[PDB]
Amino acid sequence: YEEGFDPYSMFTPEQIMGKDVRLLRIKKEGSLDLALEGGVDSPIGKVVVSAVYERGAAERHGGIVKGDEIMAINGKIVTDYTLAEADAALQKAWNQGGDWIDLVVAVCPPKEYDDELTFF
């Protein structure tokens, strides 16, 4: 993470309107084990975190959860990428050089609803 990050310096206001945009610097150690869903092709029109697996790197960092949106990977904006494109960009920028990965994420806000109703 970086405190001095300003999303307005990287995005136009229309791209971040209503989003809580933060920068995460994740240290490259072990497997990322960060699953994605969505894509420009999908109903949600954005790349979001579908799961964070127990093993770590993403879970070990603590700052990334299911529902958070991936907006940028190592400075490249991925908001208009398909799921395959986002997946490829995330796998590439993890293996291909660098001791760390820079993720710009739109943190999903608190759920003001019961997201775990179990009745049938």
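In this text, residue numbers run from 1 along the sequence as written.
Mean CA B-factor, 20-28 versus 108-116: the higher value falls on 20-28. Higher mean CA temperature factor between 61-69 and 38-46: 61-69, per the PDB entry. When the CA B factors of the chain's modelled residues are split into thirds, the value for residue 33 lands in the highest one. Ranked against the other modelled residues of its chain, the C-alpha B-factor of residue 84 as given in the entry falls in the middle third. The deposited CA B-factor of residue 51 belongs to the middle third of values across its chain.
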